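First comes the structure, then the notes that go with it.
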Amino acid sequence: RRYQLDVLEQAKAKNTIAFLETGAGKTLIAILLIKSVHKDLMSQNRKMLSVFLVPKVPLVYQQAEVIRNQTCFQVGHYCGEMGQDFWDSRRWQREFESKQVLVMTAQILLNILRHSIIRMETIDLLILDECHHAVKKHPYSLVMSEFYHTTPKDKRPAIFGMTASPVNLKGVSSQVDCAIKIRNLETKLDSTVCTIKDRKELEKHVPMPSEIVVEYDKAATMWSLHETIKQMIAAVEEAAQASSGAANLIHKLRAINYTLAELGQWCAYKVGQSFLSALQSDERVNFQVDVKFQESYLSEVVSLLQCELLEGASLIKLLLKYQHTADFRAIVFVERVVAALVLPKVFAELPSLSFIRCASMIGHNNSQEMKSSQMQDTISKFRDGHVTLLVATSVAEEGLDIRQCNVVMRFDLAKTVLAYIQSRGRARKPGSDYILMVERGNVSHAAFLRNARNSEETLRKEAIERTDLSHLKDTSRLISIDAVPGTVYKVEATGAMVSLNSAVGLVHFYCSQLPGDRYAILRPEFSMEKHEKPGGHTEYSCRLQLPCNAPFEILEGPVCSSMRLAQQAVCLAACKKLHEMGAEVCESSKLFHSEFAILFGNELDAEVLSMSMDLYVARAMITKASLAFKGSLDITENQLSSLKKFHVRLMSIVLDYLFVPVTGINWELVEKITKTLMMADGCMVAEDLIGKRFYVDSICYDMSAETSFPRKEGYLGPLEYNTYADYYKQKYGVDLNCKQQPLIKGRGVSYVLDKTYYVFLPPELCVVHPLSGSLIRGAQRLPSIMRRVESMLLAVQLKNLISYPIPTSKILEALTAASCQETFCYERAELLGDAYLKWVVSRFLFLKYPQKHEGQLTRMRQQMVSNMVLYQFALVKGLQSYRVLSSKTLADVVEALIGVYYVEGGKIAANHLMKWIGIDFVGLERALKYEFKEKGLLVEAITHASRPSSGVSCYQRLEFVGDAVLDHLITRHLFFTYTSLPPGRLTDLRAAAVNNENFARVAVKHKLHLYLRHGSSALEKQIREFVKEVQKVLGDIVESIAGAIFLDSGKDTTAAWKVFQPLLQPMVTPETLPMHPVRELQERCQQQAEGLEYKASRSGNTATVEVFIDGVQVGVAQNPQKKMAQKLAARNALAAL
RNA sequence: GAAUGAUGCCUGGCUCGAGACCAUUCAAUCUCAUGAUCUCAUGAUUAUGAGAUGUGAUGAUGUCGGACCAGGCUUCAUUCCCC
């Protein structure tokens, strides 16, 4: 109607406070105005960004309904209550595209006010409710404190709020006139009030039900001696207090008192029955024993009283007049929720009319209630008509769409009569009447009804515009507006309050450090001391205790007059501290055992060249050597050009810088082969090659071409070619001119001697291809030598290193890829380089930060041990010059370089290449069988992330460094271990090295769980289990000792290395791998590996698995179902087979 | 010209089993409270939000082996060949 348009004018005009109950859908008109300013292309098109802020999340689901019900212009929502620490950044980055309206609660938006995000998020527009609550304790006031100065482009110029839904500010005697606290709040949020001005724009279609009072209950309440009974049971409770979760049961007693008081004793019997159900659940779940004792105490007292009140077993006729054609919509309003829970039982019980309830969400430790979703389910059931008859009953009572409820029954709710007027607008009145069953007993409800009357008086008073606004000027300052001025003056107050809130939240955040032993550890804590100074100068010593990771924040100070203010001041100390912290070619000849020779401009260096190199074939080894007799021997380059054409002819058509067999060079042979009836001669074919190419070792004259093709096998009857000239005639149509010549014993050059002797060739029927078979040997043996040559020229480039103690003859093996060309791998020096990598990165890292954080510098190490960084060190070298899919083992080759260049000289030259590319006490002492000097680092190692009431330091850093050092040390041993196993088996042994369990096994070789001091007893209980296993944190404190002696040794490994190695060694050669079962099973049944499901049941055995080749056995243990079930199955199988 | 088997190696994806680590989910925990009510007041009582921790499993991802098929190369036996 019209008043919507009027407040459209007033609100689009200026910042606006409206005070109208239901506003005829105030949020509707808010949506309309926001769509108006949206369709308007604003100055900044995203500055609009208006959110209706509520804290009520089922109401947020109503806004899901609403904001998808409207706003073709795009809008968003939250589930809320989610992990959104940095999520909000990309939430902005996506909301600027796709979410003009996003929904969130207040406190999240408060954290968004923190850290000075971009520019107050370009908001400039807002909708808000619960604005009456926006007071000193409330967040919204603290928002408007920093938002009072709407300076930057006026980031928050116009303000729109809703105080209509909660009108119970408290103070009708202080606010009999129209504006008292209203002036105060409208000066707070800087938004102008607009009142309803009249009821002419209301009540035309907004009827208000007449209020009907009742006297005393239709409850019986006819047992007054049970009041004295409950007074004696109150004395029982006083004994329970003098004893001192007892208080919850105490309040349960108070509750059942209220039930028996207000609704008779039969109802309190039903309440005792619900107490039996709740108390049965209490006796079930509760493991605490004093409280379970008092649960049994509850059962005896409640069985006494409730069994009396079963023999003892309101407003009913009110319900009954409304029962004929039951109410389409019914609302009942009471506070005590457990009574509301016990109603439908009684209502099915005596009058046989079904009833339903809506619970509240506040509860503790799996409290039986409707969840928020379950409340929405109940609401949807209420949207169904049958459950609407069942009735709706709650205590939250806000933000639902329930219309035209004929019966209003605020049964004994009078604290928020103004909120009831909310619930009165909730329903349009079709001749409906509100009903107020108040007991005629206890007449202070006369006072409550005149308070209601004064409430409508004050509503009528504010309905007159400015009835106490422009009226009081000085007396308003003597009433409350000098008590409520623009108090924003104190600048350290807002820094102090922000420091309070943020420092407690950051206390929580740094409490989320990494406890490990327990899910939550109380690392920050405090105690309070009344530091009242005689004279009225009360002070408060706030004693502040911190974790070890918090260095310099312990404060025990009578710093401020109030206790919470002293905590605010210690938060100020903390916030300052976290501002700080957190915030003529050389002739050289080749010999082997016309000899060969290379021709290159380069002169081979004697040291760089291997003295002899080896060759390995199926027959035998052949080794070779070279010698530079004539330095700069000169041959004519044109003859070189012709014979080079012949050399590439050898490569190209014969084999299909340059090598030479030298007799004194046999140039004439080179040129001869450059160009290149009858009787046979055996001497010409004593060593030859015959082009179609075959080897000619020897002949046979006894077998001639006229003789038969001997085929010993006669099953299929293969064609025995009666002459070999007839064999040639049958296949190629060829006959020999003189078939009497001997037959060539054939020898095959292609890539048991009887099959070789099978081939027989005719001399003329073959065009010789001219080479001696020994030179055939040499020529086909040339290519591996060329691979050797390219190896030694790479050795020319690389033996020419930056620095090199020894020649890089084994770097030749390091350069070659693992398992490539049958040659050796590089993995010993590789894993050695990896171990040194970890050791030296720990070295330089602690060189950087002895002020480090442990896991943070762990992240920094992992950053340094990122493969791509070492890939870039390779790039700034370029071992490429001696196609990477970005996932390559080239980093491992670099590691090989690192290890081998340690091996060539010292560690130090290896570090040069790195810079070239990259950059109880005596009891546990004798338990380790050792001696110790500085017990401070020992204390540092024994300190645990949990320590009983004491904190000095942490062992996590020492664990880190001893970890890296023993990586180095174990790797150094294992590559001093010259077993030279399969690299798979080398991988197995290094993996067997890395296991915290066997480090804990060393710890119980010294039994340090008896020696460790620790705050947590459940952690010791977990350790005592693991000790009973052997007759987790133990290996960790072992590494802390390792690091501690690394400090003691001045970063030396050898001294404590000597101590650890004998106890280290003798277990390693037995494999005894705990991943026997699944590895050995999936490998022992490659063809048929089948599997049965386990995770259906918890701890226990279920191992009738469908494996076939190994067989099917079941093995028994306490918890084998994770691992060792298949191991016990293999045990029973090998017992079976 | 080739192939067959057996023979080990290596590569791809797929899968199963352990590490690590990321997200989800539901419970829970602990703070932070905020309104109202008595209490001169403290204090007590009642309604309702924020997180963070978080149990389990889920989905991943990154290492590490399995198998599995798909393949490249080679020995040990032959069959066959090429003038």
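Simple scheme: letters A, B, ... for chains in structure tokens order, numbers from 1 for residues in each chain, numbers from 1 for ligands in the order shown.
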
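With only C-alpha atoms (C1' of nucleotides) taken into account, chain A has residues 55, 107, 692, 766, 1078, 1079, 1082 and 1086 of chain A at most 6 Å from chain B.
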
Hey, what's within 8 Å of region 61-69 of chain A if we count only C-alpha atoms (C1' of nucleotides) and toss same-chain stuff fewer than 4 positions away? As an mmCIF file with C-alpha atoms, in the first residue's frame, please?
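File written: selection_30.cif
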```
data_model
loop_
_atom_site.group_PDB
_atom_site.id
_atom_site.type_symbol
_atom_site.label_atom_id
_atom_site.label_comp_id
_atom_site.auth_asym_id
_atom_site.auth_seq_id
_atom_site.Cartn_x
_atom_site.Cartn_y
_atom_site.Cartn_z
ATOM 1 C CA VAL A 57 20.735 -19.253 10.288
ATOM 2 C CA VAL A 75 22.589 -13.187 -5.397
ATOM 3 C CA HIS A 77 24.300 -17.236 0.277
ATOM 4 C CA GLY A 399 11.623 -15.561 11.544
ATOM 5 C CA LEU A 400 9.027 -18.016 10.212
#
```

Point-to-point distance from CA of residue 280 (chain A) to CA of residue 396 (chain A), Å rounded to tenths: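 It comes out at 27.8 Å.
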
DSSP-assigned strand (DSSP E) among region 194-406 of chain A, expressed as a PyMOL selection string: chain A and resi 194+210-214+330-332+392-393

Could you dump the residues just selected with N, CA, C and O atoms as a compact mmCIF listing (two decimals), in the first residue's frame?
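New file again_26.txt:
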```txt
# COMPACT_ATOMS: atom_id res chain seq x y z
N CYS A 194 11.99 6.85 11.45
CA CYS A 194 10.71 7.19 10.85
C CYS A 194 9.65 6.31 11.49
O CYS A 194 9.70 5.08 11.40
N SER A 210 -8.17 -9.05 19.79
CA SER A 210 -8.43 -8.47 21.14
C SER A 210 -7.76 -9.36 22.19
O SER A 210 -7.79 -10.60 22.02
N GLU A 211 -7.19 -8.76 23.23
CA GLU A 211 -6.44 -9.57 24.23
C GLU A 211 -7.42 -10.08 25.29
O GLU A 211 -8.24 -9.28 25.77
N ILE A 212 -7.39 -11.39 25.57
CA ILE A 212 -8.33 -11.96 26.52
C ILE A 212 -7.55 -12.52 27.69
O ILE A 212 -6.60 -13.28 27.49
N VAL A 213 -7.90 -12.10 28.89
CA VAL A 213 -7.22 -12.58 30.07
C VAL A 213 -8.04 -13.71 30.68
O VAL A 213 -9.26 -13.81 30.50
N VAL A 214 -7.35 -14.62 31.35
CA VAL A 214 -7.97 -15.66 32.16
C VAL A 214 -7.36 -15.55 33.55
O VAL A 214 -6.27 -15.00 33.73
N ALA A 330 -2.32 -23.17 14.82
CA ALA A 330 -2.35 -22.94 16.28
C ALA A 330 -0.95 -22.61 16.81
O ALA A 330 0.00 -23.34 16.44
N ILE A 331 -0.83 -21.57 17.64
CA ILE A 331 0.49 -21.24 18.25
C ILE A 331 0.35 -21.19 19.78
O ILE A 331 -0.55 -20.47 20.26
N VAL A 332 1.20 -21.92 20.51
CA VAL A 332 1.19 -21.89 22.00
C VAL A 332 2.55 -21.36 22.45
O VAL A 332 3.57 -21.83 21.89
N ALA A 392 2.12 -25.64 16.89
CA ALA A 392 3.56 -25.27 16.87
C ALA A 392 3.92 -24.65 18.22
O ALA A 392 3.14 -23.80 18.70
N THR A 393 5.05 -25.04 18.80
CA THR A 393 5.45 -24.58 20.13
C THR A 393 6.96 -24.43 20.20
O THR A 393 7.68 -25.41 20.00
```

Shell of 12 Å around residue 1028 (chain A), only C-alpha atoms (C1' of nucleotides), local chain residues under 5 positions omitted, as JSON, numbers by chain: {"A": [1001, 1004, 1007, 1009, 1020, 1021, 1022, 1023]}

With N, CA, C and O atoms retained, could you export that selection as a PDB file, in the first residue's frame?
```
ATOM      1  N   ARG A1001      62.106 -48.620  18.938  1.00  0.00           N
ATOM      2  CA  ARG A1001      62.677 -49.874  19.423  1.00  0.00           C
ATOM      3  C   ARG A1001      64.050 -49.642  20.043  1.00  0.00           C
ATOM      4  O   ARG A1001      64.402 -50.271  21.044  1.00  0.00           O
ATOM      5  N   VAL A1004      63.323 -48.202  23.486  1.00  0.00           N
ATOM      6  CA  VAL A1004      63.045 -49.194  24.531  1.00  0.00           C
ATOM      7  C   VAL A1004      64.219 -50.153  24.692  1.00  0.00           C
ATOM      8  O   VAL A1004      64.249 -50.966  25.624  1.00  0.00           O
ATOM      9  N   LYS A1007      64.757 -47.819  27.083  1.00  0.00           N
ATOM     10  CA  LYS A1007      63.551 -47.673  27.925  1.00  0.00           C
ATOM     11  C   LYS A1007      63.357 -46.236  28.410  1.00  0.00           C
ATOM     12  O   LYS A1007      63.230 -45.960  29.606  1.00  0.00           O
ATOM     13  N   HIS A1009      60.862 -44.232  27.875  1.00  0.00           N
ATOM     14  CA  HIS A1009      59.509 -43.880  28.291  1.00  0.00           C
ATOM     15  C   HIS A1009      59.422 -43.775  29.803  1.00  0.00           C
ATOM     16  O   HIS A1009      58.602 -43.023  30.343  1.00  0.00           O
ATOM     17  N   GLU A1020      51.145 -41.258  27.826  1.00  0.00           N
ATOM     18  CA  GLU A1020      51.945 -42.334  28.469  1.00  0.00           C
ATOM     19  C   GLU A1020      51.176 -43.653  28.354  1.00  0.00           C
ATOM     20  O   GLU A1020      51.822 -44.691  28.155  1.00  0.00           O
ATOM     21  N   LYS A1021      49.848 -43.606  28.494  1.00  0.00           N
ATOM     22  CA  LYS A1021      49.018 -44.832  28.353  1.00  0.00           C
ATOM     23  C   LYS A1021      49.186 -45.376  26.930  1.00  0.00           C
ATOM     24  O   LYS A1021      49.368 -46.598  26.792  1.00  0.00           O
ATOM     25  N   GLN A1022      49.176 -44.497  25.922  1.00  0.00           N
ATOM     26  CA  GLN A1022      49.393 -44.932  24.516  1.00  0.00           C
ATOM     27  C   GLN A1022      50.803 -45.514  24.386  1.00  0.00           C
ATOM     28  O   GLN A1022      50.962 -46.527  23.680  1.00  0.00           O
ATOM     29  N   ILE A1023      51.783 -44.884  25.040  1.00  0.00           N
ATOM     30  CA  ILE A1023      53.195 -45.363  24.969  1.00  0.00           C
ATOM     31  C   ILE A1023      53.297 -46.713  25.690  1.00  0.00           C
ATOM     32  O   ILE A1023      53.981 -47.603  25.160  1.00  0.00           O
TER      33      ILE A1023
END
```

DSSP-assigned alpha helix (DSSP H) members of region 191-230 of chain A, reported as a PyMOL selection string: chain A and resi 225-230
